[PDB]
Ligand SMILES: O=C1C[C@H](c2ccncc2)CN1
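Next up: just one chain, as structure tokens, the form deposited without (4R)-4-pyridin-4-ylpyrrolidin-2-one (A1IGS).
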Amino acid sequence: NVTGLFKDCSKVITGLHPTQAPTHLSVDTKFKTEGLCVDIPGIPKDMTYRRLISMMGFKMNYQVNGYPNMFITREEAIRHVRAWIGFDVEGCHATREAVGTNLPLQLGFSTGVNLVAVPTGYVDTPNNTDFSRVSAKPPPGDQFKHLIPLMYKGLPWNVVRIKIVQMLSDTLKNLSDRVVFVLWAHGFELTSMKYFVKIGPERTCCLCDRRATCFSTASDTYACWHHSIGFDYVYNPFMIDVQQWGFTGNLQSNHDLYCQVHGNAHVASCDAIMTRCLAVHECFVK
């Protein structure tokens, strides 16, 4: 039994030296014997590898005292409707030196904002994990043609995450003490949040008594939506997957049952607007 979380997407045929492999599964077969691994004299470590590690398959189902649940119930989400921000991400595929994972390309929100990122991945090396630009391409097909020009209009992730925090803070500071990301088929949105979200115990802001919604890697400080200028991470966001509420077909077909003012323009922000809109009609209309 294995998982796809942290799958090695490199094209290297062999596994790793016992000192460099993060896990027993990832050690090369040549070192495996008698239920464990052996060091083989004369077989050296590899000092030049770059192995892309997939961030698909996170499971946020822990129950740790003092840490809030990220995923919330429909009833809790309804009480926090003012915090709702629809969120959708269109990805590009790892290519060339790696294959088998999706990287965030266009991040869209129900505010109408689309942010484009440079295709970036988590590349294991002999010394660390290098968060870096990786070779990528949009998926093939006429429905993914619009992503082609976005491959050369991306911003580095350190800039993108600052923009997400600024956008959420400007939108929500006078509406809610939190954010509830409204999602449809959450897997890739949760992978994308690895790039701009941090979690921990509930905290208060550095300049007031409001709960912290943002974190800064510059000073290791916390801020609410009012005091987050320059902050780079969203801290303890909440989220809900609308698809888990009994719907059977795709997002557009379910959205269109209740609404006709949101024509599908086939962009991450339009999917984000449609997801929030569908959740609003389901919980509040009639």
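A residue's number is simply how far along the shown sequence it sits, counting from 1.
Omitted from view is the form deposited with (4R)-4-pyridin-4-ylpyrrolidin-2-one (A1IGS) bound, to which the following refers.
Q | (4R)-4-pyridin-4-ylpyrrolidin-2-one (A1IGS): the contacting residue among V118, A77, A94, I85 in the bound PDB entry [heavy atom, 4.5 Å] | A | Of the candidates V118, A77, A94, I85, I85 is the one lying within 4.5 Å of (4R)-4-pyridin-4-ylpyrrolidin-2-one (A1IGS) in the bound PDB entry.
Q.
Between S192, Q106, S216, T111, only one gets a heavy atom within 4.5 angstroms of (4R)-4-pyridin-4-ylpyrrolidin-2-one (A1IGS) in the bound PDB entry; which residue is that?
A. So the residue touching (4R)-4-pyridin-4-ylpyrrolidin-2-one (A1IGS) in the bound PDB entry, by this definition, is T111.
(Q) With a cut-off of 4.5 Å between heavy atoms, is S169 one of the residues that contacts (4R)-4-pyridin-4-ylpyrrolidin-2-one (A1IGS) in the bound PDB entry? (A) Output for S169 is no: heavy atoms all beyond 4.5 Å of (4R)-4-pyridin-4-ylpyrrolidin-2-one (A1IGS).
Q | Any non-hydrogen atom of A185 within 4.5 angstroms of (4R)-4-pyridin-4-ylpyrrolidin-2-one (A1IGS) in the bound PDB entry | A | Although (4R)-4-pyridin-4-ylpyrrolidin-2-one (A1IGS) is absent here, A185 would stay clear of it in the bound PDB entry, with no heavy atoms inside 4.5 Å.
Q.
Residue-level contact is defined here as any heavy atom of the residue lying within 4.5 Å of (4R)-4-pyridin-4-ylpyrrolidin-2-one (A1IGS) in the bound PDB entry; does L175 satisfy this criterion?
A. Looking in the bound PDB entry, residue contacts with (4R)-4-pyridin-4-ylpyrrolidin-2-one (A1IGS) include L175, since a heavy atom lies within 4.5 Å.
Q.
Within 4.5 angstroms, counting heavy atoms, which one of the listed stretches 133-141, 147-155, 196-204, 77-85 is next to (4R)-4-pyridin-4-ylpyrrolidin-2-one (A1IGS) in the bound PDB entry?
A. Going by heavy atoms within 4.5 Å, the stretch is 77-85.
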